[PDB]
file run.cif (mmCIF, C-alpha atoms and all ligand atoms)
data_final
#
loop_
_atom_site.label_atom_id
_atom_site.label_comp_id
_atom_site.auth_asym_id
_atom_site.auth_seq_id
_atom_site.Cartn_x
_atom_site.Cartn_y
_atom_site.Cartn_z
CA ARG A 8 -7.14 17.79 11.23
CA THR A 9 -6.71 14.34 12.77
CA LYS A 10 -7.42 11.77 10.07
CA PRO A 11 -8.89 8.26 10.37
CA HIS A 12 -6.17 5.71 11.12
CA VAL A 13 -5.30 2.48 9.30
CA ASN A 14 -2.69 -0.13 10.22
CA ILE A 15 -1.07 -1.70 7.14
CA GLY A 16 2.14 -3.40 6.07
CA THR A 17 3.97 -5.00 3.17
CA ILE A 18 3.71 -8.78 2.88
CA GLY A 19 5.20 -10.96 0.18
CA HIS A 20 8.05 -13.24 -0.77
CA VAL A 21 11.61 -12.21 0.00
CA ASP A 22 13.27 -9.85 -2.50
CA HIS A 23 10.00 -9.02 -4.30
CA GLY A 24 10.31 -5.39 -3.18
CA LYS A 25 8.62 -5.01 0.20
CA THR A 26 11.23 -2.65 1.67
CA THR A 27 11.77 -0.72 -1.57
CA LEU A 28 8.02 -0.11 -1.83
CA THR A 29 7.88 1.10 1.77
CA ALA A 30 10.65 3.59 0.99
CA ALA A 31 8.93 4.60 -2.26
CA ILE A 32 5.60 5.35 -0.56
CA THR A 33 7.14 7.70 2.01
CA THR A 34 9.44 9.33 -0.56
CA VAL A 35 6.60 10.05 -3.00
CA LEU A 36 4.13 11.27 -0.35
CA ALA A 37 6.78 13.56 1.15
CA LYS A 38 6.42 15.57 -2.07
CA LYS A 39 2.77 16.21 -1.11
CA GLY A 40 3.75 17.01 2.48
CA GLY A 41 2.14 13.75 3.54
CA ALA A 42 5.16 11.96 4.99
CA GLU A 43 8.77 12.22 6.11
CA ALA A 44 10.84 10.36 3.53
CA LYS A 45 12.60 7.21 4.73
CA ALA A 46 15.56 5.64 2.96
CA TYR A 47 15.77 2.01 1.87
CA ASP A 48 18.42 1.14 4.47
CA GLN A 49 16.48 2.65 7.39
CA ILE A 50 13.56 0.30 6.75
CA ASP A 51 15.70 -2.67 5.71
CA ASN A 52 17.70 -2.57 8.98
CA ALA A 53 14.62 -2.78 11.17
CA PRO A 54 14.55 -2.19 14.96
CA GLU A 55 13.68 -4.96 17.43
CA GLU A 56 10.35 -5.28 19.23
CA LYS A 57 9.30 -7.80 21.87
CA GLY A 60 8.68 -12.68 25.07
CA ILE A 61 9.68 -12.94 21.42
CA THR A 62 12.11 -10.93 19.29
CA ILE A 63 10.71 -9.47 16.05
CA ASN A 64 12.50 -7.17 13.60
CA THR A 65 9.86 -4.64 12.52
CA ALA A 66 10.27 -1.30 10.76
CA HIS A 67 7.65 1.39 11.40
CA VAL A 68 6.98 4.23 8.97
CA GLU A 69 4.13 6.74 9.02
CA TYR A 70 2.47 8.62 6.19
CA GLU A 71 -0.77 10.32 5.22
CA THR A 72 -2.88 10.65 2.16
CA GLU A 73 -5.18 13.65 2.15
CA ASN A 74 -7.84 11.41 3.74
CA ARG A 75 -6.15 9.00 6.15
CA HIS A 76 -3.14 8.39 8.38
CA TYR A 77 -1.35 5.06 7.93
CA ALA A 78 0.87 3.17 10.37
CA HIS A 79 2.97 1.00 8.05
CA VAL A 80 4.93 -2.10 9.09
CA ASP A 81 7.74 -3.82 7.16
CA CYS A 82 9.92 -6.74 8.24
CA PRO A 83 13.29 -8.01 6.90
CA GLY A 84 12.86 -11.78 6.84
CA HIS A 85 10.08 -14.32 6.43
CA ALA A 86 10.43 -15.38 10.07
CA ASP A 87 9.64 -11.84 11.24
CA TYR A 88 6.45 -11.80 9.15
CA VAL A 89 5.25 -15.10 10.63
CA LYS A 90 5.88 -13.85 14.16
CA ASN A 91 4.58 -10.32 13.61
CA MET A 92 1.32 -11.58 12.12
CA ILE A 93 0.93 -14.22 14.86
CA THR A 94 1.98 -12.30 17.97
CA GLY A 95 0.05 -9.31 16.63
CA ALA A 96 2.90 -6.98 17.57
CA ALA A 97 1.49 -4.45 15.08
CA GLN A 98 -1.80 -5.93 13.91
CA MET A 99 -3.09 -4.79 10.54
CA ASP A 100 -6.48 -3.78 9.16
CA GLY A 101 -5.08 -4.39 5.68
CA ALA A 102 -1.98 -5.56 3.87
CA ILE A 103 -0.15 -4.55 0.71
CA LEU A 104 0.85 -7.79 -1.02
CA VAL A 105 4.02 -7.25 -3.07
CA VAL A 106 4.57 -9.75 -5.89
CA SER A 107 7.43 -9.68 -8.39
CA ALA A 108 6.27 -9.46 -12.00
CA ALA A 109 9.36 -11.35 -13.19
CA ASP A 110 9.10 -14.15 -10.61
CA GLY A 111 5.35 -14.36 -10.01
CA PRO A 112 3.71 -15.80 -6.90
CA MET A 113 5.99 -17.94 -4.73
CA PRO A 114 5.28 -20.01 -1.58
CA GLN A 115 5.90 -17.14 0.86
CA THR A 116 3.27 -15.30 -1.16
CA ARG A 117 1.02 -18.30 -0.49
CA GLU A 118 2.07 -18.49 3.17
CA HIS A 119 1.54 -14.78 3.81
CA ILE A 120 -1.92 -14.90 2.21
CA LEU A 121 -2.93 -18.03 4.13
CA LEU A 122 -1.46 -16.57 7.32
CA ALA A 123 -3.15 -13.22 6.66
CA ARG A 124 -6.53 -14.96 6.38
CA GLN A 125 -5.95 -17.13 9.45
CA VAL A 126 -4.70 -14.37 11.80
CA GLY A 127 -7.50 -11.97 10.88
CA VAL A 128 -6.12 -9.54 8.26
CA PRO A 129 -9.42 -8.56 6.59
CA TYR A 130 -8.31 -6.81 3.37
CA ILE A 131 -5.55 -7.09 0.78
CA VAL A 132 -4.17 -4.75 -1.89
CA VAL A 133 -1.70 -6.04 -4.48
CA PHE A 134 1.29 -4.11 -5.82
CA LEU A 135 2.60 -6.10 -8.79
CA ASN A 136 6.20 -4.93 -8.63
CA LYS A 137 9.27 -4.78 -10.87
CA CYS A 138 7.21 -4.18 -14.01
CA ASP A 139 10.14 -2.18 -15.39
CA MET A 140 11.82 -5.58 -15.86
CA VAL A 141 8.94 -7.14 -17.86
CA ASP A 142 7.74 -6.11 -21.33
CA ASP A 143 5.40 -8.96 -22.29
CA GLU A 144 1.85 -7.98 -21.33
CA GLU A 145 0.45 -11.50 -21.70
CA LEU A 146 2.88 -12.69 -19.02
CA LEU A 147 1.70 -9.91 -16.70
CA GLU A 148 -1.93 -10.85 -17.36
CA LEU A 149 -1.20 -14.46 -16.42
CA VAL A 150 0.74 -13.52 -13.27
CA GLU A 151 -2.22 -11.36 -12.26
CA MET A 152 -4.59 -14.28 -12.84
CA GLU A 153 -2.44 -16.53 -10.65
CA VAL A 154 -2.51 -13.93 -7.86
CA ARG A 155 -6.29 -13.51 -8.01
CA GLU A 156 -6.89 -17.27 -7.96
CA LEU A 157 -4.34 -17.69 -5.16
CA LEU A 158 -6.19 -15.01 -3.17
CA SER A 159 -9.55 -16.67 -3.83
CA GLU A 160 -8.14 -19.99 -2.59
CA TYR A 161 -7.89 -18.42 0.90
CA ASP A 162 -11.26 -16.58 0.91
CA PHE A 163 -10.05 -13.16 -0.24
CA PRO A 164 -12.13 -11.54 -3.01
CA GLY A 165 -9.62 -12.21 -5.77
CA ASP A 166 -11.89 -10.80 -8.47
CA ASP A 167 -12.41 -7.51 -6.59
CA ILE A 168 -8.97 -6.85 -5.06
CA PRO A 169 -7.11 -3.89 -6.62
CA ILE A 170 -3.83 -4.73 -8.37
CA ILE A 171 -1.43 -1.93 -9.35
CA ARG A 172 1.49 -2.63 -11.67
CA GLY A 173 4.46 -0.49 -10.69
CA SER A 174 8.20 -0.28 -10.03
CA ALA A 175 9.06 0.50 -6.41
CA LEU A 176 12.69 1.17 -7.34
CA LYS A 177 12.18 3.40 -10.39
CA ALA A 178 9.66 5.35 -8.31
CA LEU A 179 12.21 5.57 -5.48
CA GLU A 180 14.80 7.05 -7.85
CA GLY A 181 12.31 9.73 -8.91
CA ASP A 182 10.98 8.79 -12.35
CA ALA A 183 7.69 10.67 -12.27
CA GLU A 184 5.71 8.24 -14.43
CA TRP A 185 6.53 5.35 -12.08
CA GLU A 186 5.76 7.53 -9.05
CA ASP A 187 2.20 7.85 -10.35
CA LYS A 188 1.66 4.12 -9.78
CA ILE A 189 2.56 4.72 -6.13
CA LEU A 190 -0.17 7.37 -5.93
CA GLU A 191 -2.58 4.92 -7.57
CA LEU A 192 -1.66 2.28 -4.99
CA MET A 193 -2.48 4.67 -2.14
CA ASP A 194 -5.62 5.71 -4.02
CA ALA A 195 -6.61 2.04 -4.13
CA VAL A 196 -5.77 1.77 -0.43
CA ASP A 197 -7.88 4.81 0.45
CA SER A 198 -10.96 3.49 -1.39
CA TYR A 199 -10.72 -0.30 -0.94
CA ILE A 200 -9.51 -0.78 2.66
CA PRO A 201 -12.35 0.33 4.97
CA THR A 202 -11.85 2.42 8.09
CA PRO A 203 -11.45 0.13 11.13
CA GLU A 204 -13.96 -0.12 13.94
CA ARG A 205 -12.83 1.57 17.15
CA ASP A 206 -11.84 -0.62 20.08
CA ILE A 207 -14.35 1.40 22.14
CA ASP A 208 -17.22 0.62 19.75
CA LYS A 209 -16.67 -3.07 20.57
CA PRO A 210 -18.14 -5.05 23.48
CA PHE A 211 -16.39 -4.28 26.74
CA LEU A 212 -13.60 -6.59 27.84
CA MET A 213 -11.15 -6.32 30.73
CA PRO A 214 -8.74 -9.11 31.77
CA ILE A 215 -8.66 -9.61 35.53
CA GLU A 216 -5.19 -9.36 37.10
CA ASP A 217 -5.70 -8.94 40.86
CA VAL A 218 -8.65 -9.33 43.22
CA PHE A 219 -8.72 -7.38 46.49
CA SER A 220 -11.17 -6.83 49.35
CA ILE A 221 -10.89 -3.42 51.01
CA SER A 222 -13.22 -2.60 53.90
CA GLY A 223 -15.57 0.09 52.61
CA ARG A 224 -15.28 -0.89 48.93
CA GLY A 225 -16.27 -4.57 48.78
CA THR A 226 -14.39 -6.50 46.12
CA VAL A 227 -12.08 -4.62 43.74
CA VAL A 228 -10.91 -6.09 40.43
CA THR A 229 -7.95 -4.55 38.61
CA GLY A 230 -7.06 -4.76 34.94
CA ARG A 231 -6.60 -3.02 31.60
CA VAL A 232 -9.66 -2.45 29.41
CA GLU A 233 -8.85 -4.39 26.24
CA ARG A 234 -11.71 -2.69 24.41
CA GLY A 235 -15.11 -1.11 24.84
CA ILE A 236 -16.21 1.02 27.78
CA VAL A 237 -17.76 0.39 31.19
CA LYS A 238 -19.66 2.97 33.25
CA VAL A 239 -21.21 3.12 36.72
CA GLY A 240 -23.93 0.63 37.57
CA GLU A 241 -23.64 -1.50 34.43
CA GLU A 242 -24.14 -5.25 34.71
CA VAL A 243 -21.17 -7.30 33.49
CA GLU A 244 -20.41 -11.00 33.23
CA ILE A 245 -17.36 -12.80 34.61
CA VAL A 246 -16.26 -15.34 32.01
CA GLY A 247 -13.64 -18.07 32.02
CA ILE A 248 -12.42 -20.90 34.24
CA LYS A 249 -15.52 -21.11 36.44
CA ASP A 250 -19.20 -20.89 35.60
CA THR A 251 -20.17 -17.55 34.11
CA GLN A 252 -21.77 -15.25 36.68
CA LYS A 253 -23.30 -11.78 36.68
CA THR A 254 -22.42 -8.66 38.65
CA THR A 255 -22.86 -4.89 38.64
CA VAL A 256 -20.03 -2.37 38.46
CA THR A 257 -20.33 0.01 41.41
CA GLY A 258 -17.51 2.27 40.24
CA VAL A 259 -14.28 2.58 38.28
CA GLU A 260 -11.45 4.05 40.34
CA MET A 261 -8.37 3.88 38.09
CA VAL A 274 -8.42 0.49 36.44
CA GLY A 275 -9.96 -0.96 39.56
CA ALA A 276 -13.58 -1.98 39.07
CA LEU A 277 -15.64 -2.34 42.25
CA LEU A 278 -17.94 -5.34 41.81
CA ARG A 279 -21.15 -4.82 43.74
CA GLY A 280 -21.95 -8.33 44.95
CA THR A 282 -19.12 -10.72 44.07
CA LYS A 283 -17.10 -12.13 46.94
CA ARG A 284 -13.34 -12.38 46.68
CA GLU A 285 -13.03 -16.16 46.29
CA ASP A 286 -15.68 -16.13 43.54
CA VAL A 287 -13.33 -14.14 41.26
CA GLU A 288 -9.75 -14.92 40.24
CA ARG A 289 -7.06 -13.91 37.79
CA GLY A 290 -7.51 -15.37 34.31
CA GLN A 291 -11.19 -14.59 33.76
CA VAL A 292 -12.44 -11.36 32.19
CA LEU A 293 -15.16 -8.78 32.67
CA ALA A 294 -17.33 -8.51 29.56
CA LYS A 295 -20.57 -6.99 28.37
CA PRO A 296 -23.05 -9.84 28.97
CA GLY A 297 -23.36 -12.23 26.04
CA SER A 298 -20.39 -10.79 24.14
CA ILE A 299 -17.70 -13.43 24.80
CA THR A 300 -18.11 -17.05 25.83
CA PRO A 301 -15.91 -19.73 27.44
CA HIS A 302 -14.33 -22.53 25.42
CA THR A 303 -11.78 -25.32 25.78
CA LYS A 304 -11.32 -26.43 22.15
CA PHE A 305 -9.87 -24.24 19.42
CA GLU A 306 -7.61 -24.22 16.39
CA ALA A 307 -4.64 -21.86 16.27
CA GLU A 308 -1.81 -20.74 14.04
CA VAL A 309 1.32 -21.22 16.14
CA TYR A 310 4.96 -20.26 15.70
CA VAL A 311 7.53 -22.42 17.50
CA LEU A 312 10.59 -20.57 18.78
CA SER A 313 13.87 -21.57 17.18
CA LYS A 314 16.81 -22.85 19.22
CA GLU A 315 18.73 -19.56 19.09
CA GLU A 316 15.70 -17.65 20.45
CA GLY A 317 15.93 -19.46 23.79
CA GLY A 318 12.86 -21.52 22.91
CA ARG A 319 13.24 -25.27 22.59
CA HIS A 320 15.77 -27.70 21.10
CA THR A 321 13.28 -30.55 20.65
CA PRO A 322 10.17 -30.57 18.43
CA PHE A 323 6.52 -30.23 19.31
CA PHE A 324 4.50 -33.43 19.13
CA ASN A 325 0.94 -34.69 19.30
CA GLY A 326 -0.13 -35.09 22.91
CA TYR A 327 2.29 -32.36 23.98
CA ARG A 328 0.84 -30.67 27.08
CA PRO A 329 2.30 -27.19 27.65
CA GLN A 330 0.61 -24.13 29.16
CA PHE A 331 -1.25 -21.55 27.08
CA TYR A 332 -0.93 -18.05 28.56
CA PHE A 333 -4.20 -16.23 27.81
CA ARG A 334 -4.06 -12.57 28.89
CA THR A 335 -3.14 -13.15 32.54
CA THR A 336 -2.66 -16.84 33.45
CA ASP A 337 -1.32 -20.17 32.23
CA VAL A 338 -3.81 -22.86 31.21
CA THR A 339 -2.52 -26.33 30.39
CA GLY A 340 -3.74 -27.88 27.15
CA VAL A 341 -3.07 -30.87 24.91
CA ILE A 342 -1.78 -30.32 21.37
CA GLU A 343 -2.87 -31.92 18.10
CA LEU A 344 -1.03 -31.29 14.82
CA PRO A 345 -2.32 -31.44 11.23
CA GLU A 346 -2.87 -34.71 9.42
CA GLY A 347 0.45 -36.27 8.43
CA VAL A 348 2.45 -34.10 10.87
CA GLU A 349 4.05 -35.70 13.93
CA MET A 350 6.88 -33.30 14.83
CA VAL A 351 7.29 -29.54 14.42
CA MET A 352 10.85 -28.26 14.40
CA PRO A 353 11.96 -25.15 16.33
CA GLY A 354 11.64 -22.11 14.10
CA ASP A 355 8.70 -23.56 12.15
CA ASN A 356 5.04 -22.59 12.40
CA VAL A 357 1.94 -24.76 12.07
CA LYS A 358 -1.80 -24.85 12.69
CA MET A 359 -2.81 -26.95 15.69
CA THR A 360 -5.87 -28.04 17.65
CA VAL A 361 -5.76 -27.43 21.41
CA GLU A 362 -7.95 -28.83 24.19
CA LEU A 363 -7.46 -26.87 27.41
CA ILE A 364 -7.90 -28.23 30.93
CA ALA A 365 -10.33 -25.40 31.71
CA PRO A 366 -12.46 -22.96 29.71
CA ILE A 367 -11.19 -19.52 28.71
CA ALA A 368 -13.03 -16.46 27.42
CA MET A 369 -12.00 -16.97 23.80
CA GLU A 370 -12.57 -15.37 20.41
CA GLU A 371 -11.07 -15.49 16.95
CA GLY A 372 -7.93 -13.35 17.00
CA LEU A 373 -7.02 -13.80 20.69
CA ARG A 374 -3.25 -13.96 21.09
CA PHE A 375 -1.52 -16.33 23.49
CA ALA A 376 1.94 -17.56 24.43
CA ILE A 377 2.90 -21.23 24.76
CA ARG A 378 5.15 -21.97 27.72
CA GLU A 379 6.72 -24.90 29.56
CA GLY A 380 7.29 -24.05 33.19
CA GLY A 381 8.60 -20.53 32.96
CA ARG A 382 9.97 -20.48 29.43
CA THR A 383 8.23 -19.43 26.22
CA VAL A 384 8.45 -22.09 23.49
CA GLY A 385 5.73 -20.79 21.14
CA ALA A 386 3.21 -18.11 20.25
CA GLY A 387 -0.17 -18.34 18.56
CA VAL A 388 -3.49 -16.86 17.51
CA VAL A 389 -6.93 -18.39 17.96
CA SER A 390 -8.19 -18.88 14.40
CA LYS A 391 -11.29 -21.05 14.95
CA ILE A 392 -13.57 -21.90 17.88
CA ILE A 393 -14.97 -25.37 18.50
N1 LIG B 1 14.21 -3.40 -11.03
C1 LIG B 1 13.57 -3.32 -9.84
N2 LIG B 1 14.21 -3.77 -8.73
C2 LIG B 1 13.61 -3.71 -7.53
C3 LIG B 1 12.25 -3.17 -7.43
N3 LIG B 1 11.91 -3.23 -6.13
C4 LIG B 1 12.95 -3.78 -5.45
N4 LIG B 1 13.97 -4.05 -6.29
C5 LIG B 1 15.28 -4.66 -5.96
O1 LIG B 1 15.08 -5.93 -5.34
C6 LIG B 1 16.09 -6.15 -4.35
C7 LIG B 1 15.44 -6.62 -3.06
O2 LIG B 1 14.27 -5.84 -2.83
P1 LIG B 1 13.71 -5.65 -1.33
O3 LIG B 1 13.12 -4.28 -1.15
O4 LIG B 1 14.80 -5.89 -0.31
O5 LIG B 1 12.56 -6.77 -1.27
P2 LIG B 1 12.05 -7.39 0.13
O6 LIG B 1 13.07 -8.40 0.62
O7 LIG B 1 10.73 -8.09 -0.09
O8 LIG B 1 11.90 -6.29 1.14
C8 LIG B 1 16.80 -4.83 -4.12
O9 LIG B 1 18.19 -4.97 -4.47
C9 LIG B 1 16.06 -3.81 -4.97
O10 LIG B 1 16.93 -2.90 -5.63
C10 LIG B 1 11.62 -2.70 -8.68
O11 LIG B 1 10.47 -2.22 -8.69
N5 LIG B 1 12.32 -2.81 -9.82
MG MG B 2 13.83 -5.86 2.37
#
call {"tool": "encode", "arguments": {"input": "run.cif", "output": "structure tokens", "more": "lines below"}}
Ligand SMILES: Nc1nc2c(ncn2[C@@H]2O[C@H](COP(=O)(O)OP(=O)(O)O)[C@@H](O)[C@H]2O)c(=O)[nH]1
Ligand SMILES: [Mg+2]
result
Amino acid sequence: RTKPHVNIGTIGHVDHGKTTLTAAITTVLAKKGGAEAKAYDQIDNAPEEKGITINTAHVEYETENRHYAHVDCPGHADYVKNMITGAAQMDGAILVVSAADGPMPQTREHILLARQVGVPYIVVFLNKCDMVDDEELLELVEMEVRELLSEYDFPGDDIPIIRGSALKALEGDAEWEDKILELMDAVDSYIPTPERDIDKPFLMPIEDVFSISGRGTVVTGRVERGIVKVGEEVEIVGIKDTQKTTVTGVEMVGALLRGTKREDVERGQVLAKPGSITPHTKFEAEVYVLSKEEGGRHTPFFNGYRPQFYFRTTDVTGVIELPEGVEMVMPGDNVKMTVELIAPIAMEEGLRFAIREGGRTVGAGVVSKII
């Protein structure tokens, strides 16, 4: 009964048909009993998720094979923040491109950002083909998309591209609805089933550290991923030198560490399966800077800026370095930056983090490269 799960969403330039396509998928699959149909205005007027406000619409649907959690956002800003903060992280993305307009810079930005934040697969719905009649023009637009995808390491020659009309399929023209079913067919067969968080190496951020007579040292947290059992040896990674310990028991999630004293463990470091995650100070990251109206910051970022980077449980100060030719980053903009932290942190590609000054959040980011 329960089907494999896949997180997806519609990326692309504004007004190329992201929200219409989302409505068309649910409306068409409702005819196969695979979804509850959602209207265009439900998805367009998206709810708010959150220390950063993001407008994200959530629809659900099923093919006969899989269950999809689908994410759609109103504006470009929401897509930058959703893909960075990982509010609803995706194992694949449906790239919507207008056949009349062709690829635009937000198409470029969403592909670059999708590659940098860890979106592993891409399917292309070439939309609004009811407005175009020249087939040579469609062939060229498709070539531009494939080359644009290859420019950012996606397999442009292998990625499925379906020409369709989200609107005409929404209004119920059966021949256009078939291109929706071919999109989902392409999604079922091209986007692989994600690995389970519990198949991955074990990882638990440390929040508190107690010492109760009769239980030694207790460490509390939330298992990010993986699984830990009784008597397993785990490493403590981040901030200090890495050290080993055995898990006496899990009490619920308080982990009793067999032979670690209380001052040898602190908030900020993580429990991990030995040799699975390592400490680092230097990394590159895709960062979004909060705009003025978001309570972020009314002055720009700059090279040498030294804010705190909140990784999982604690703040860690670090110095900022912006791309070549960039000196200031305005509020509301995003950028890729190099960061050198004061102290090492258990770090991996895809780790989210907030950027704060004192108490306030001025940015958000994803680790995209380790150094
Ligand atoms: N003719 C045509 N119009 C479309 C199609 N898809 C979307 N539109 C129109 O494009 C406009 C904006 O589309 P929208 O779904 O808001 O794109 P989004 O901003 O990327 O989510 C709307 O007024 C739609 O009616 C299509 O396949 N064909
Ligand atoms: Mg829309």
call {"tool": "closest_residue", "arguments": {"input": "run.cif", "among": "A:100, A:151, A:180, A:250", "to": "residue 47 (chain A)", "atoms": "only C-alpha atoms"}}
result
A:180
call {"tool": "atom_distance", "arguments": {"input": "run.cif", "atom1": "CA of residue 120 (chain A)", "atom2": "CA of residue 342 (chain A)"}}
result
24.6 Å
call {"tool": "residues_near_ligand", "arguments": {"input": "run.cif", "ligand": "ligand MG 2 (chain B)", "cutoff": "10 Å", "atoms": "only C-alpha atoms and all ligand atoms", "output": "number ranges by chain"}}
result
A: 17, 20-29, 47-48, 50-53, 81-84
call {"tool": "axis_aligned_box", "arguments": {"input": "run.cif", "around": "ligand LIG 1 (chain B)", "padding_each_side": "6 Å", "output": "lines of an AutoDock Vina configuration file"}}
result
center_x = 14.3
center_y = -5.3
center_z = -4.9
size_x = 19.7
size_y = 18.2
size_z = 24.2
call {"tool": "residues_around", "arguments": {"input": "run.cif", "residues": "residue 389 (chain A)", "least_positions_apart": "3", "cutoff": "12 Å", "atoms": "all atoms listed in the file", "output": "PyMOL selection string"}}
result
chain A and resi 93-95+125-127+302-309+331+333+358-361+367-376+386+392-393
call {"tool": "residues_near_point", "arguments": {"input": "run.cif", "point": "(-1.3, 1.0, -6.1)", "cutoff": "8 Å", "atoms": "all atoms listed in the file", "output": "list in words"}}
result
residues 132, 133, 134, 169, 170, 171, 172, 173, 188, 189, 190, 191, 192, 193, 194, 195 and 196 of chain A
call {"tool": "residues_around", "arguments": {"input": "run.cif", "residues": "region 230-238 of chain A", "least_positions_apart": "6", "cutoff": "6 Å", "atoms": "only C-alpha atoms", "output": "JSON list (two decimals) with C-alpha atoms, in the frame of the given file"}}
result
[["chain", "number", "residue", "atom", "x", "y", "z"],
["A", 206, "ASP", "CA", -11.84, -0.62, 20.08],
["A", 207, "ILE", "CA", -14.35, 1.40, 22.14],
["A", 208, "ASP", "CA", -17.22, 0.62, 19.75],
["A", 209, "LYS", "CA", -16.67, -3.07, 20.57],
["A", 210, "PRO", "CA", -18.14, -5.05, 23.48],
["A", 211, "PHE", "CA", -16.39, -4.28, 26.74],
["A", 212, "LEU", "CA", -13.60, -6.59, 27.84],
["A", 213, "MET", "CA", -11.15, -6.32, 30.73],
["A", 214, "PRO", "CA", -8.74, -9.11, 31.77],
["A", 215, "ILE", "CA", -8.66, -9.61, 35.53],
["A", 216, "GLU", "CA", -5.19, -9.36, 37.10],
["A", 274, "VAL", "CA", -8.42, 0.49, 36.44]]
call {"tool": "residues_around", "arguments": {"input": "run.cif", "residues": "residue 218 (chain A)", "least_positions_apart": "5", "cutoff": "8 Å", "atoms": "only C-alpha atoms", "output": "PyMOL selection string"}}
result
chain A and resi 226-229+284+287-289
call {"tool": "closest_residue", "arguments": {"input": "run.cif", "among": "A:279, A:116, A:31, A:241", "to": "residue 296 (chain A)", "atoms": "all atoms listed in the file"}}
result
A:241
call {"tool": "residues_around", "arguments": {"input": "run.cif", "residues": "residue 323 (chain A)", "least_positions_apart": "3", "cutoff": "7 Å", "atoms": "only C-alpha atoms", "output": "JSON, numbers by chain"}}
result
{"A": [327, 350, 351, 352]}
call {"tool": "closest_residue", "arguments": {"input": "run.cif", "among": "A:197, A:56, A:145, A:186", "to": "residue 11 (chain A)", "atoms": "all atoms listed in the file"}}
result
A:197
call {"tool": "closest_residue", "arguments": {"input": "run.cif", "among": "A:178, A:15, A:107, A:326", "to": "residue 123 (chain A)", "atoms": "only C-alpha atoms"}}
result
A:15
call {"tool": "residues_around", "arguments": {"input": "run.cif", "residues": "residue 80 (chain A)", "least_positions_apart": "4", "cutoff": "6 Å", "atoms": "only C-alpha atoms", "output": "PyMOL selection string"}}
result
chain A and resi 16+66-67
call {"tool": "atom_distance", "arguments": {"input": "run.cif", "atom1": "CA of residue 143 (chain A)", "atom2": "CA of residue 161 (chain A)"}}
result
28.4 Å
call {"tool": "atom_distance", "arguments": {"input": "run.cif", "atom1": "atom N5 of ligand LIG 1 (chain B)", "atom2": "CA of residue 131 (chain A)"}}
result
21.2 Å
call {"tool": "closest_residue", "arguments": {"input": "run.cif", "among": "A:141, A:176, A:157, A:13", "to": "ligand LIG 1 (chain B)", "atoms": "only C-alpha atoms and all ligand atoms"}}
result
A:176
call {"tool": "closest_residue", "arguments": {"input": "run.cif", "among": "A:277, A:46, A:149, A:78", "to": "ligand LIG 1 (chain B)", "atoms": "all atoms listed in the file"}}
result
A:46
call {"tool": "decode", "arguments": {"input": "run.cif", "residues": "region 77-105 of chain A", "atoms": "C-alpha atoms", "output": "PDB file, in the first residue's frame"}}
result
ATOM      1  CA  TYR A  77       5.243  12.668  -4.277  1.00  0.00           C
ATOM      2  CA  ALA A  78       5.503  15.636  -1.914  1.00  0.00           C
ATOM      3  CA  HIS A  79       5.446  18.598  -4.303  1.00  0.00           C
ATOM      4  CA  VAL A  80       6.596  22.132  -3.485  1.00  0.00           C
ATOM      5  CA  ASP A  81       5.789  25.341  -5.389  1.00  0.00           C
ATOM      6  CA  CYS A  82       6.662  28.929  -4.488  1.00  0.00           C
ATOM      7  CA  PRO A  83       5.226  32.267  -5.724  1.00  0.00           C
ATOM      8  CA  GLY A  84       8.310  34.431  -6.238  1.00  0.00           C
ATOM      9  CA  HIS A  85      11.968  34.011  -7.115  1.00  0.00           C
ATOM     10  CA  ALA A  86      12.995  35.042  -3.598  1.00  0.00           C
ATOM     11  CA  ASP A  87      11.030  32.143  -2.108  1.00  0.00           C
ATOM     12  CA  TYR A  88      12.824  29.676  -4.393  1.00  0.00           C
ATOM     13  CA  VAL A  89      16.257  30.976  -3.379  1.00  0.00           C
ATOM     14  CA  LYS A  90      15.373  30.704   0.308  1.00  0.00           C
ATOM     15  CA  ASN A  91      13.525  27.382   0.066  1.00  0.00           C
ATOM     16  CA  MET A  92      16.412  25.731  -1.780  1.00  0.00           C
ATOM     17  CA  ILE A  93      18.985  27.242   0.613  1.00  0.00           C
ATOM     18  CA  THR A  94      17.274  26.829   3.980  1.00  0.00           C
ATOM     19  CA  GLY A  95      16.139  23.377   2.854  1.00  0.00           C
ATOM     20  CA  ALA A  96      12.654  24.002   4.243  1.00  0.00           C
ATOM     21  CA  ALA A  97      11.381  21.220   1.951  1.00  0.00           C
ATOM     22  CA  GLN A  98      14.487  19.704   0.396  1.00  0.00           C
ATOM     23  CA  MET A  99      14.044  17.908  -2.901  1.00  0.00           C
ATOM     24  CA  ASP A 100      15.343  14.668  -4.395  1.00  0.00           C
ATOM     25  CA  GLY A 101      14.426  16.056  -7.819  1.00  0.00           C
ATOM     26  CA  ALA A 102      13.031  19.117  -9.521  1.00  0.00           C
ATOM     27  CA  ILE A 103      10.666  19.758 -12.417  1.00  0.00           C
ATOM     28  CA  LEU A 104      12.201  22.611 -14.425  1.00  0.00           C
ATOM     29  CA  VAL A 105       9.454  24.595 -16.173  1.00  0.00           C
TER      30      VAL A 105
END
